[PDB]
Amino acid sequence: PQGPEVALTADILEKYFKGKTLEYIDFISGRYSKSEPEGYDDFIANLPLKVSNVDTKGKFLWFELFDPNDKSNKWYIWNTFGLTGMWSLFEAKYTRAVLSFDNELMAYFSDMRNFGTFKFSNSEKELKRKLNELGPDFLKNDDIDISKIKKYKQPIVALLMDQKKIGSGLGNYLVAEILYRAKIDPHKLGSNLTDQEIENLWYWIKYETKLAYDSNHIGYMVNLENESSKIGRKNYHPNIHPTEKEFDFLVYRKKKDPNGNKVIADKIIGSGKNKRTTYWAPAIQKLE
């Protein structure tokens, strides 16, 4: 999941678990049933702990916890979702981690491919440096300076898929959709964009992230769609208002765009076994 899904997920985890007391976390299968996550033993030795919040930056999610009788000593759960990571209020297929709160309340993290990660830490300093490895959150920051794009002689699709250079939160489908709406060829070097292209790109980045955030059935978050429609949405990018009510794929994994224009499934970014497919429509997206 990308920025929008991770953020909505954290909103839901906060609604249900902020102020609750975590009593145990069990890794019942997957990678962490075979090997302990970093810091697990030390964290477990300090349970139970009260959840003070759940927050996100880009695709990175974390819990903040503390003991009411020593409110200064804070604990953190670091979480990345990878490709198939998903939280839920019920024990779904591929459940890897089970969080047990007071009064039989439960949270479950599921992950088919096991690419998601957990780390436990007692260091606010370590988290701060971690957050500093990520660019500003595309969804939650309303004034990122997108003109930094022009300094890089690299394909705009790679610059946007990077989590540090311009901003964090965008992934394979957001980028493709954004570049289609902005009418920009994915190959175009950031250093070749005009100031108008940049302004237009920033408009559409906000438009798409907000649209995805606001959606109730994006796909991945099936395990929370009951909760998604029962919770509100924070007023990110307040001045931008998508017309559609659900996020729709215009080019991603499509053979044609909505107007019948051919969609190319291009392999621009990556090498070896990390190559990604960039969907774009040449008829619409050009170098101008």
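Sequential numbering from 1, following the sequence displayed.
Here the stretch with the larger average CA B-factor, out of 95-103 and 171-179, is 95-103. Mean CA temperature factor is higher for 66-74 when stretches 66-74 and 253-261 are set side by side in the entry.
Comparing the listed residues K206, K130, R113, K151, the entry records the largest Cα B-factor for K151. Annotation for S215, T117, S123, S88: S123 ranks highest, by Cα B-factor.
The deposited CA B-factor of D162 belongs to the middle third of values across its chain. Ranked by C-alpha B-factor against the other modelled residues of its chain, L287 falls in the highest third.
Among all modelled residues in its chain, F60 ranks in the lowest third by Cα B-factor.
When the modelled residues of the chain are ordered by C-alpha B-factor, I269 sits in the highest third. Sort the chain's modelled residues by C-alpha temperature factor and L83 lands in the lowest third, per the entry.
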